[PDB]
Amino acid sequence: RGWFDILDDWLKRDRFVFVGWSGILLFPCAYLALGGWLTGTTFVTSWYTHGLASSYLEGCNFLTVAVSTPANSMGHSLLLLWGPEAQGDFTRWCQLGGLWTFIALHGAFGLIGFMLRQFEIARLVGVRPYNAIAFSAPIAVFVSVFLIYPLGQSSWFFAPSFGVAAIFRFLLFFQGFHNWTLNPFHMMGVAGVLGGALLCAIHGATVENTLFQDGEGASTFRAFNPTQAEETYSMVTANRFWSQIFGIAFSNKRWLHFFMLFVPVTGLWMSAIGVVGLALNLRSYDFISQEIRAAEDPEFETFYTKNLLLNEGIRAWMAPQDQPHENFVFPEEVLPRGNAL
Amino acid sequence: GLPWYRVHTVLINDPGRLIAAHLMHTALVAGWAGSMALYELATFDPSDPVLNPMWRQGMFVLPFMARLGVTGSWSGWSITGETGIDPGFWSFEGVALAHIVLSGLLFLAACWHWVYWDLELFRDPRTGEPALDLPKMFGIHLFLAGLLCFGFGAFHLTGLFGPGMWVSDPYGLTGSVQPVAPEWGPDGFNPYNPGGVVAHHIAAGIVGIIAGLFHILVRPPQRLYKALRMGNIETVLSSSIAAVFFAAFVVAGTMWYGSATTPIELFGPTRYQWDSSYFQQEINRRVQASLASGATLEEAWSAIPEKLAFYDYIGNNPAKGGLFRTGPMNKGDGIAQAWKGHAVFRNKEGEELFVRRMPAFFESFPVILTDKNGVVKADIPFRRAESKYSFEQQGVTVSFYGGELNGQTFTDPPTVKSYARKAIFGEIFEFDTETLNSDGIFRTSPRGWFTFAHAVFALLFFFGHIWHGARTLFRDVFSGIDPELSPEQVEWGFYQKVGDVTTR
Amino acid sequence: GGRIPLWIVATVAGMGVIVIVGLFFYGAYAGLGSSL
Amino acid sequence: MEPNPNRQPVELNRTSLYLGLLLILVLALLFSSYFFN
Amino acid sequence: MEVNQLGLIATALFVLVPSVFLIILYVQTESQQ
Amino acid sequence: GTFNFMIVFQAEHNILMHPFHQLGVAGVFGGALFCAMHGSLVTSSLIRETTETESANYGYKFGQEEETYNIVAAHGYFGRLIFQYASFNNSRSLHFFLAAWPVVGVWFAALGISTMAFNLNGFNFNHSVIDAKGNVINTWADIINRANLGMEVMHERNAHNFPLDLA
Amino acid sequence: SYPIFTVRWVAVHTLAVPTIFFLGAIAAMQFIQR
Amino acid sequence: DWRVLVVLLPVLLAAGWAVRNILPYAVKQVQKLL
Amino acid sequence: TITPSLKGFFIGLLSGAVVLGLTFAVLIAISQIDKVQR
Amino acid sequence: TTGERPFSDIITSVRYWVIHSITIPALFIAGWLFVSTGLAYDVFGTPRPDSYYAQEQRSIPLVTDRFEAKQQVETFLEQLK
Amino acid sequence: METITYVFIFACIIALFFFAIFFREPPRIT
Amino acid sequence: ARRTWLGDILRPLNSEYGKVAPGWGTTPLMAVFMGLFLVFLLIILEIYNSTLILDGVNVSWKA
Ligand code: CLA
Ligand code: CLA
Ligand code: CLA
Ligand code: CLA
Ligand code: CLA
Ligand SMILES: CCCCCCCCCCCCCCCC(=O)OC[C@H](COP(=O)(O)OC[C@@H](O)CO)OC(=O)CCCCCCCCCCCCCCC
Ligand SMILES: CC1=C(/C=C/C(C)=C/C=C/C(C)=C/C=C/C=C(C)/C=C/C=C(C)/C=C/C2=C(C)CCCC2(C)C)C(C)(C)CCC1
Ligand SMILES: CC1=C(/C=C/C(C)=C/C=C/C(C)=C/C=C/C=C(C)/C=C/C=C(C)/C=C/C2=C(C)CCCC2(C)C)C(C)(C)CCC1
Ligand code: OEX
Ligand SMILES: [Cl-]
Ligand SMILES: [Cl-]
Ligand SMILES: [Fe+2]
Ligand SMILES: [Mg+2]
């Protein structure tokens, strides 16, 4: 019972918001990430890094505000406030996009603090640490998208800017430049997300519709008691319903709930790997056999060749303003267009 | 019985068979390295290190042999293309043979250790249970690691007993294996300084010797022993995987950004050298130095080496490839045969135009020609009806200086447009697309492929760290929570401190 | 302890939220960001 | 030599067979287009 | 179509290798007592 | 063809800027989150019924009457991960929330498409921010519009004879 | 009988104090003209 | 810069007013903890 | 010499140590004053 | 159940609202004045509606040099006068 | 060969559906 | 278990399983080295990053 054990006593007190040792990392890093985002979206411009207004103070709404990435000439600079770019000037640091790296780094260490908190509480309450393990998927996504992706690219400029429309641009950029929908790792991510949402909806509806009558109310929530040993719904009835509707059904509740962990976690991990490839421009952009055939046969058309024409439109129309460090002047006659439009 | 994903857990309390499984893994990795090297040797074309180097040929292990000194073949060639040198035993074939023989010897040792699993050395002498003193094992292995790290730096890399390492000039023109002196200043932490690599292995190896001695002699604190579960071998696996993902993220970054350990003559240029126009500026510098001294434009550009012009071409950028565009870079654009020479574009008014280069993001890019102040003077238009800057309208011609088309001038607009579509890629080269059935579609270099594998593997290894670390610290609840879990422990307001029964 | 009834608190707090968000939607049609 | 006591039987039930074969065949259905390119 | 010449064997082994791994493990499970 | 439908739909309707698609995204992201959350929390609180050399799923028998996990322990964990009143202690309320969140969101996503069918499109903030002189100050919404224009002008590149794509 | 300043008090005020400051700032922004 | 006083003027006059009403009860919480 | 970014490094190192040192001194001090009842 | 006072008890008490009917409007008015005095522009460097461009400037003042970026912004700001 | 491959895998999936539904391990109440 | 010639030589090196030092031991020394290692990693990170620029340290292929 030295000073360490006395400090360990206080950090793990049963209070309203648990602290723990992880709370030393989680709480300041998460609050600065959140507070940095709310600060930038309320007050900070993107005029010098992107040529964009991006705060409420400039006139943007909630959908259009962002803490935008630094200028492409920053490279992968950490953009520390005391670093050689800002040199301690907070105002210049904000104008250089120093808030973006502030949010991304405090957010990264905050996420590390959150998984440590999951591990710490699970160890203290005596449960298995599967919630910490499932949280590795959001960590893999944040690390691949906001860190590994721009680190493979020219600068932090091409990471997502922390904002709603800014994120939508990032989606459209990945379509037009990376053809990211064609990527099988993204497709595995889509199956994990939509499968997990299916599993969320299907499991919740099945439980709620195979409930045992454990009370007289027509509003059935009161008939559950948190200390009951018994199942509140009929696994046998649920199993027979789905076996006859759909052909298969869960018969093991433990496997069912593991599969609910597995599906969206595996999906997000799969999507992270595809983005790691896109950090190097290792895209699933084309199918070579279709390109050889289309180049020699001008009647050969698929939805895939149609999507590449859309991709070429996206690149030529968006690049001069989306990449204003390149100083793209595309004269109007060079622009790919269809007839009339 | 055991589920399929837990079959290897039979080794957890069996040090003899853990060693056997590790020996078999080591036999497989060493056998891969030999068989990979023999495959590469069977396919590598050594005849042109200027325009067909190893990094154009999908060579993966060949640069790793070349980085540390192995440059010759028993068949008589070297990777720098020099003639008539003798490599001794340690050629590329001799490395590959050494790895194969080592693979077989490790296989036999794996068999022995698998059969003779029940050795007395693995037993605790006070209980007769299987017991490994993992803290002392760490100090022994750290001591051995530091000895080898020191020896690699002090003897191999310095040339004192050993070949040295691959070093090159800033433009990757004149690289060779050379002995490297250690840099003990702050420039030893410059990743582009080879002398810092020598001083690292000397200093860190000495530190590894001292720390290994410490860990041999000093027992763990019981606070650290109990908290890190130092009697459970899975704690070592968890932290080893953590160290291993850290190192893989490091090697991915230094491959992608370039360092003294990732030479462009071995792995290809970086994407950042295209981004910053690193080779184009040195090409233009040398041309202006010649033109200031009275060389003509033909003479100034004919003095640029083909190897330097080849780096200034986007088909050597490691960021132009595709995930399923498989194989060597030569499978894409073809085998580079010759520099065509530098294209100079001029309008009918005689003013020089400049083709806007393709950035690495763009699978396709329009052809736009600007003057020296960035104003657009010519282009290849999409819609033609209101076009004002067509090559026909502006009378655009192209002249070549240096290379194959030196002195030649072209004026017919299809021919001038076609070289302009090539000039978006940088310097224009003549390719052999027929030998490999080259499809014309850019592929990444070994620098690109190494970076992708090692970043993906490092990311997946982060899951393994989390998984095995969770398995270590929560070993008591791995098969489930205590069925007599006190609800007071998990209900609020019973214990002062969470999960402490003494605080009730 | 319990001097102002919680339904009064919730109603006034819920109405001030409406007023402030309502001002934000008003500001979408006036001044900065309104395109005029 | 006496048997190794660390040995354990291995299982894979039928549902796990069906799940794994579903996973392998769907992954092959997904990736085969990219393997053919 | 001019497809990858290794694509057929890459697909065939991608199926057959882990499929037979599961078949081996399943059948030896059923033959247990 | 699905991806072609999506890209053209964004070009013509700006679906990303429609709040019903955004509610739809919150449905599926939330559904995937809550799937992983409910799966992990139940798996974390499974009652020990098996040894180390067996799958924990064998600890559950089909049709058994006792619950196979400790919901009080799971609530005790999750109520300490966030705070106590953010965590469900009622499994019926929990499972209704698991049904209700993805379903309502996907309902809204369906009404997104179905009302963009009648060309009530996502939010248009093109040229919404204007300086003191009148210069357009671009936002991220104007960058979205530049991408939308490139999709618009290229889609069905032979099908339009007149300058507006009216359906 | 209860305390007044706890960790929970700090956690509440680190969010609520800047939130009310920001809402006043954003309200003022609705009256700026170009 | 006169405005840093103006922006902090209500923040100051709120804290000192809140700590005026809470000082008889903030001392009693400090006393039983001490 | 001490370049400006080397001075910036020492400022960033000291500022971090001050933030870590003040926080741990506050957390230790509160822990010693409000102990557990065992 | 962790010892702190319930939120329903606090926000319904008169003493909470005696304190907070001053503190809550004071923080709101302080935020209002941070914008209305114009301090938010000076602290954050955000352009006012008349200071995005010079009077005949159509070009965006994009930062193009990493280590002279602080000086470029300052130069861009001196170009507005 | 490509079309054969894709149809083959598809037919194996559909066969797997048949065995997974009609030759499943029967869920047993115990 | 099987005694061997090499096994009996290596025997002292695998004899002190579970042997610990009392209490905190050399933990405060270890934390000092971890702190120095963290600072060392930050130095080499910021040199490579161009955040820390030192005289005579040109982080470029030009060297
Ligand atoms: C757990 C809390 C935590 C963590 C992990 C971080 C982490 C970070 N902060 Mg944040 N920050 C925090 C709390 C935290 N912060 C708080 C509470 C505030 C409000 C004061 C801030 C305000 C803040 C600002 C304004 C900035 C950061 C920045 C950063 C990043 C760089 C920090 C750095 O390089 O210093 C290095 C310091 C250390 C690593 C401490 C070393 C301790 C060693 C082990 C002991 C040795 C010290 C030695 C004795 C000192 C002697 C000096 C002498 C030699 C001259 C890093 C991600 C920067 C950023 O976000 O970049 C965009 C930045 O600009 N932080
Ligand atoms: C017996 C000695 C021996 C020697 C001299 C070689 C020599 C070689 N190997 Mg072979 N190899 C060996 C055994 C050996 N090998 C064994 C046993 C295996 C099976 C594991 C292999 C598997 C193998 C593969 C797969 C490959 C090689 C390759 C090579 C060539 C390049 C080496 C290289 O780039 O490594 C680089 C080595 C490092 C970067 C070492 C990193 C050390 C880490 C960072 C230590 C981290 C932990 C450490 C303990 C921390 C504490 C340190 C302390 C000092 C403080 C070189 C000819 C390459 C090749 O060209 O094949 C044809 C290659 O691809 N080898
Ligand atoms: C004077 C003696 C001396 C000299 C000249 C060197 C020289 C060097 N050391 Mg060495 N070193 C020495 C002594 C010396 N060392 C001693 C005594 C030790 C203790 C045993 C070390 C331990 C050590 C380590 C651990 C490392 C070096 C490295 C290096 C190289 C640094 C440049 C570089 O490429 O970094 C590039 C590496 C970095 C900039 C480190 C990045 C740290 C990361 C960012 C931490 C975050 C990790 C986390 C997983 C990231 C996840 C997020 C991500 C996905 C975005 C350089 C060769 C580094 C190296 O090997 O590079 C190839 C390296 O990692 N040294
Ligand atoms: C670190 C690993 C590594 C790297 C970076 C390289 C790099 C290279 N190899 Mg080598 N090689 C390696 C290991 C590696 N190799 C191994 C282990 C073998 C034995 C199989 C080989 C055998 C080999 C041969 C025979 C050849 C090469 C060639 C090459 C070159 C071209 C690469 C290419 O086209 O890949 C293409 C990469 C892909 C198409 C990516 C694969 C993606 C997989 C299939 C996706 C998996 C998805 C997964 C199943 C989903 C899981 C979901 C689930 C978790 C739910 C390149 C330099 C070629 C060369 O040019 O040599 C001269 C060549 O002919 N390699
Ligand atoms: C040094 C690396 C290392 C080592 C020695 C181990 C060792 C172990 N792991 Mg761990 N693990 C690791 C890294 C490692 N892991 C990584 C990187 C991940 C993230 C991918 C994991 C995630 C993980 C999980 C989720 C589980 C384990 C489990 C285990 C235990 C049983 C393994 C088994 O029976 O699988 C047998 C494997 C098969 C029968 C077939 C696997 C085929 C894979 C999916 C694809 C083919 C792999 C290919 C052949 C090899 C390429 C190697 C690559 C590195 C290049 C064993 C202690 C299990 C455990 O803890 O049990 C109690 C367990 O459930 N591991
Ligand atoms: C009651 C069960 C209903 C099922 C709950 C599941 C859905 C819950 C919805 C989400 C929460 C909604 C609000 C609950 C609505 C509700 O049920 O209220 C009840 C709850 C407690 O009420 P009282 O405090 O009056 O009751 C205390 C009891 O002891 C009664 O004596 O109110 C709150 O917790 C107020 C929330 C303020 C939040 C202060 C947070 C401070 C910051 C903490 C953030 C840090 C943690 C982050 C860790 C990284
Ligand atoms: C960055 C930085 C920092 C920090 C700061 C911070 C931390 C801040 C915070 C801040 C904050 C913390 C703020 C807040 C804000 C708030 C707001 C802005 C709010 C709003 C709200 C609203 C608007 C609402 C709405 C809604 C929802 C959401 C849902 C439901 C419905 C309703 C409608 C109600 C420092 C100095 C350290 C350093 C330098 C940098
Ligand atoms: C016995 C003996 C011998 C022999 C030996 C030998 C001959 C060996 C060989 C060996 C070898 C020959 C081996 C090899 C190995 C290999 C391996 C181990 C591989 C692996 C692979 C993998 C792992 C891969 C994977 C993948 C794929 C498939 C696809 C893509 C992705 C990846 C890359 C992942 C001698 C006489 C000398 C001596 C005495 C005895
Ligand atoms: O079809 Mn199918 O996508 Ca409905 O917009 Mn009008 O049309 Mn055509 O154009 Mn745009
Ligand atoms: Cl289309
Ligand atoms: Cl029409
Ligand atoms: Fe459930
Ligand atoms: Mg307005």
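What counts and how
- Residues numbered from 1 in each chain as written, not as in the entry; some residues may be left out.
- Chains lettered and ligands numbered in written order.
- Part of a larger assembly, values for the part shown.
- Heavy atoms only, no water.
- Helix = DSSP H or I, 4+ residues; strand = E, 2+ residues; numbered from the N terminus.
- Rg over C-alpha atoms; globule rule 2.2 N^0.38 Å.
- Areas by Shrake-Rupley, 256 points an atom, 1.4 Å probe, with all protein chains shown as cover.
- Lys, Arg positive; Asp, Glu negative; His and termini not counted.
- Charge placed at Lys NZ, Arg CZ, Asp CG, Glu CD.
- Donors = N, O, S within 2.8 Å, 3.2 Å for Na, K, Ca; no water.
- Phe/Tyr/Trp six-rings, centres within 6.5 Å; stacked < 30°, edge-to-face > 60°.
- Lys NZ or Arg CZ within 6 Å of the ring centre and 35° of its normal.
- Near = heavy atom within 4 Å.

Header annotation of the entry names cryo-EM as the structure determination method and lists the resolution as 2.08 Å.

Caption draft 1: How the structure looks around the overall build of chain L. When helices and strands are tallied, chain L shows two helices and zero strands. What you see for chain L is a C-alpha radius of gyration of 23 Å, clearly larger than the 11 Å of a compact globule of 63 residues, by over 25%. When its C-alpha atoms are laid out on the principal axes, chain L stretches across 60 × 35 × 15 Å. Looking at chain L as shown, the accessible area adds up to about 4000 Å², and 72% of this sits on carbon and sulfur atoms. Between the mean site of the 5 positive side-chain charges and the mean site of the 4 negative ones, chain L shows a separation of 17 Å.

Caption draft 2: Highlighting the coordination of the magnesium atom of ligand 5. For the magnesium atom of ligand 5, the protein contributes exactly one donor atom, B:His468 (NE2), at 2.2 Å. Tracing the sequence through the fold places B:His468 in helix α16 (residues 446–473).

Caption draft 3: Just the packing of aromatic side chains, in detail. One pass over the structure, following the stated rule, counts 109 aromatic pairs over all chains. Their ring planes at 75 degrees and their centres at 5.6 Å tell us that A:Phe16 and J:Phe7 sit as a pair that is edge-to-face. Taken as a pair, A:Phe16 in the loop between α1 (3–11) and α2 (22–43) and J:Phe7 in helix α1 (residues 7–11) lie in two separate chains rather than in one. Above the plane of the ring of B:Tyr272 lies B:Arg271, whose end atom (NZ or CZ) is 5.4 Å from the centre. For the cation-ring pair, B:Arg471 lies above B:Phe478, with the distance from its terminal atom to the ring centre recorded as 4.3 Å.

Caption draft 4: The arrangement of the site of ligand 8 in detail. All names here are of chain B. Taken together, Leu28, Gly31, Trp32, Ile100, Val101, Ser103, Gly104 and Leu108 make up the full set of residues adjacent to ligand 8. In isolation ligand 8 has 950 Å² of accessible area, and contact with the protein removes 33% of it. Per-element tally for the shell around ligand 8: the top contributor is helix α3 (residues 92–115), with five residues.

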